[PDB]
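S.K.:
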Amino acid sequence: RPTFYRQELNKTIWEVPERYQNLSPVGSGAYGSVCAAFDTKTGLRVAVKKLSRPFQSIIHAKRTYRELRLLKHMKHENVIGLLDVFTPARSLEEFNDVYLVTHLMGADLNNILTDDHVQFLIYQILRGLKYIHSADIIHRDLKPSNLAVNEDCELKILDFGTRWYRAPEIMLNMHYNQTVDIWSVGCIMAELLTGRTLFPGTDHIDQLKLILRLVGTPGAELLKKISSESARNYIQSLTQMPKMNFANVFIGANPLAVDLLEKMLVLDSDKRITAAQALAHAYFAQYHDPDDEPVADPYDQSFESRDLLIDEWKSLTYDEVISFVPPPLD
Ligand SMILES: C[S@](=O)c1ccc(-c2nc(-c3ccc(F)cc3)c(-c3ccncc3)[nH]2)cc1
Numbered sequence: 005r006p007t008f009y010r011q012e013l014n015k016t017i018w019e020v021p022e023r024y025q026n027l028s029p030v031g032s033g034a035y036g037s038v039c040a041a042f043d044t045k046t047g048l049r050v051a052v053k054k055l056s057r058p059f060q061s062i063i064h065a066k067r068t069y070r071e072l073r074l075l076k077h078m079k080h081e082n083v084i085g086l087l088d089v090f091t092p093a094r095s096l097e098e099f100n101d102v103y104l105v106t107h108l109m110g111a112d113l114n115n116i122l123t124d125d126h127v128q129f130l131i132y133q134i135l136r137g138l139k140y141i142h143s144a145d146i147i148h149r150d151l152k153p154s155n156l157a158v159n160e161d162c163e164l165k166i167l168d169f170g185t186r187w188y189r190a191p192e193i194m195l196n198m199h200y201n202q203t204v205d206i207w208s209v210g211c212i213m214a215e216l217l218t219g220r221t222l223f224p225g226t227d228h229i230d231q232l233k234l235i236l237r238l239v240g241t242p243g244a245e246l247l248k249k250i251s252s253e254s255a256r257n258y259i260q261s262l263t264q265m266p267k268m269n270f271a272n273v274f275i276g277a278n279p280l281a282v283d284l285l286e287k288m289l290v291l292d293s294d295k296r297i298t299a300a301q302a303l304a305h306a307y308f309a310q311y312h313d314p315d316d317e318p319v320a321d322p323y324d325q326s327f328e329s330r331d332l333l334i335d336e337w338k339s340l341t342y343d344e345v346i347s348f349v350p351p352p353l354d
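Numbered by the authors' numbering, the letters in the sequence shown go through residues 5 to 116, 122 to 170, 185 to 196, 198 to 354 in order.
What follows is the structure, given as structure tokens:
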């Protein structure tokens, strides 16, 4: 049990342990706020996030539990990791605030390309996605602002609080699998290669039109898989557009990058390349190492189907804080 100290940070109040110093607001929001800090114990610069109204309601309580559970499970170089989780509370009764700690990251993919850089960045995203997907976890909202990158060009996936990077199947809500994330990677890789948003739709309808112009309208095989009567009708009522040749769209780009893009941006999710399969694509020949692209321990998401009371979620959250085991010093 450490010693905490208070201080007001941009309307937001903070009560962190002594080891953390020089809290400097990196931002704030409805979610709460994130402060840059110096970890006196390790000497490393960290990011400390205070959740706002963690247990204001059952949904909030559950979201709080969900985030903590996810963060505690992630142990991979290309995925945000939990350096520490703490609360000023001395017991469950007083338990009302949650602070999460991780290594400070300098910028995001938005803030920030040569082909070698695209290769290295996409390689790392895919390496992180292989790990996440092996634990039956789907990001569902991959985008540049969710990808942290430091000065070494090292990347970490995070989230897991916009439609420009969303797979078409999950933007209308048929069935979807882990590859919705692969689609997002495709949109991201395209943007890094061209410097422009691949599908900057004004809304979901416009978004879909933009996508179909590139990948072509659904073929007969894909149509046979659309259970939604209305969606099936709409799609079939549209202009029958031919699939463009990506080489003709991404002119001048590495032919291998073009090939990968064509394998990632496929409408039929059943045929979309997976993260593991993508890692072995020739485009990453310079970085791919089958012996160093680990999968994750099994992840128990059964809690997602549970309907509990606010007090019960708060309590489950409290236990997760208490049981937290710090990572080996780096
Ligand atoms: C919903 S809003 O757009 C929003 C923006 C940022 C964050 C946000 N949460 C974190 C953050 C901090 C510690 C953790 F353990 C986990 C996440 C960061 C962070 C991580 C590394 N370096 C600097 C800042 N940014 C949360 C919500």
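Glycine included, each C-beta is placed from N, C-alpha and C at the ideal position.
Taking the alpha carbon of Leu108 as the point to measure from, which residue in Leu167, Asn82 and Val52 has its own alpha carbon closest?
M.R.: Per the Cα distances, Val52.
S.K.: Using only CA atoms, which one of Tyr132, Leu113, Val204 and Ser143 lies nearest to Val158?
M.R.: When only C-alpha atoms are compared, the closest one is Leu113.
S.K.: For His107, name the three-state secondary structure that DSSP assigns.
M.R.: Of the three classes helix, strand and coil, the one that applies to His107 here is strand, per DSSP.
S.K.: Taking 7 Å as the line, does the beta carbon of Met109 fall inside it for any heavy atom of ligand 1?
M.R.: Result yes, Cβ under 7 Å from ligand 1.
S.K.: Taking 8 Å as the cut-off, decide whether the C-beta atoms of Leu232 and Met268 are in contact.
M.R.: No, these two residues do not count as a Cβ contact at 8 Å.
S.K.: Given a threshold of 16 other Cβ atoms within 10 Å of its Cβ, counted over all protein chains shown, does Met213 qualify as buried or as exposed?
M.R.: Classification for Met213: buried.
S.K.: For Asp43, which residues of its own chain have a beta-carbon under 7 Å away from its beta-carbon, when the five flanking residues on both sides are left out?
M.R.: These residues qualify, in order along the chain: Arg23, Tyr24 and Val50.
S.K.: Taking a contact to mean a Cβ-Cβ separation below 8 Å, would you say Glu317 touches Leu303 in this structure?
M.R.: Contact: yes.
S.K.: Out of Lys79, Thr218 and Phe308, which has the shortest C-alpha to C-alpha gap to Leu122?
M.R.: Checking every option, the nearest Cα to that of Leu122 belongs to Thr218.
S.K.: Could you give the first and the last residue of the continuous beta strand (DSSP E) run that contains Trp18?
M.R.: Note, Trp18: beta strand (DSSP E), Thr16 to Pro21.
S.K.: Could you give the distance in angstroms between the alpha-carbon of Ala65 and the alpha-carbon of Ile116?
M.R.: Computed Cα separation, rounded: 35 Å.
S.K.: In the DSSP assignment, what are the bridge partners of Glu12?
M.R.: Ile17, per the DSSP bridge assignment.
S.K.: Helix, strand or coil for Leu164 per DSSP?
M.R.: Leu164: strand per DSSP, three-state reduction.
S.K.: For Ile229, count neighbouring Cβ atoms within 10 angstroms of its own Cβ and tell me buried if that reaches 16, exposed if not.
M.R.: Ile229 is exposed by the Cβ-count criterion.
S.K.: How far does the alpha helix (DSSP H) with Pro279 in it extend, from its first residue to its last?
M.R.: Run containing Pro279: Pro279 to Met288, per the alpha helix (DSSP H) assignment.
S.K.: Give a yes or no on whether the C-beta atoms belonging to residue 197 and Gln202 are separated by under 8 Å.
M.R.: Within the chain, the sequence of modelled residues goes 196 then 198, so residue 197 has no position in this structure.
S.K.: Identify the continuous alpha helix (DSSP H) that holds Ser254 and give its terminal residues.
M.R.: Unbroken alpha helix (DSSP H) run through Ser254: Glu253 to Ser261.
S.K.: I'd like to confirm the pairing. Which residues does DSSP put opposite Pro29 in its beta bridges?
M.R.: Looking at the DSSP assignment, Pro29 forms a beta bridge with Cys39.
S.K.: What did DSSP end up calling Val349 once you bin it into helix, strand or coil?
M.R.: Three-state result, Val349: coil.
S.K.: Identify whether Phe90 lies in helix, strand or coil by the three-state DSSP scheme.
M.R.: Here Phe90 sits in strand by DSSP.
S.K.: How long is the line joining the alpha carbons of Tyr35 and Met265, rounded to whole angstroms?
M.R.: Spanning the two alpha carbons is a distance of roughly 42 Å.
S.K.: In or out: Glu328 buried (at least 16 other Cβ within 10 Å) or exposed?
M.R.: Under this definition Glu328 is an exposed residue.
S.K.: Going by DSSP, what residue range makes up the beta strand (DSSP E) through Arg49?
M.R.: Per DSSP, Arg49 belongs to the beta strand (DSSP E) from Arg49 to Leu55.
S.K.: What's the gap between the Cα of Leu285 and the Cα of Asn82?
M.R.: Computed Cα separation, rounded: 21 Å.
S.K.: When the Cβ atoms of the stretch 333-349 are set against those of the stretch 80-99, are three or more pairs found closer than 8 Å?
M.R.: Taking 8 Å as the limit for Cβ pairs, the verdict is that the stretch 80-99 does touch the stretch 333-349.
S.K.: Run the proximity test for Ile84: is its beta-carbon closer than 7 Å to any non-hydrogen atom belonging to ligand 1?
M.R.: The answer is yes for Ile84.
S.K.: Taking the alpha-carbon positions, what's the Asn278 to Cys39 distance?
M.R.: Near 40 Å, if we compare the C-alpha coordinates of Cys39 and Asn278.
S.K.: According to DSSP, is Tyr200 part of a helix, a strand, or is it coil?
M.R.: Coil at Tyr200, not helix or strand.
S.K.: Is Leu195 near ligand 1, judged by its Cβ being under 7 Å from some heavy atom?
M.R.: It does not: the Cβ of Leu195 is nowhere closer than 7 Å to a heavy atom of ligand 1.
S.K.: What distance in whole Å lies between the Cβ atoms of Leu48 and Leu130, which are believed to be in contact at a cut-off of 8 Å?
M.R.: The Cβ separation is near 23 Å, so there is no contact.
S.K.: May I ask you to report which of helix, strand or coil DSSP gives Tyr24?
M.R.: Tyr24 falls in the strand class under three-state DSSP.
S.K.: Can you tell me whether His126 is buried or exposed? The criterion is at least 16 other CB atoms within 10 Å of its CB, across all chains shown.
M.R.: Exposed, since its Cβ has fewer than 16 Cβ neighbours within 10 Å.
S.K.: Can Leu48 be considered in contact with ligand 1, in the sense that its beta carbon sits closer than 7 Å to one or more heavy atoms?
M.R.: No, since every heavy atom of ligand 1 falls outside the 7 Å radius drawn around the Cβ of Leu48.
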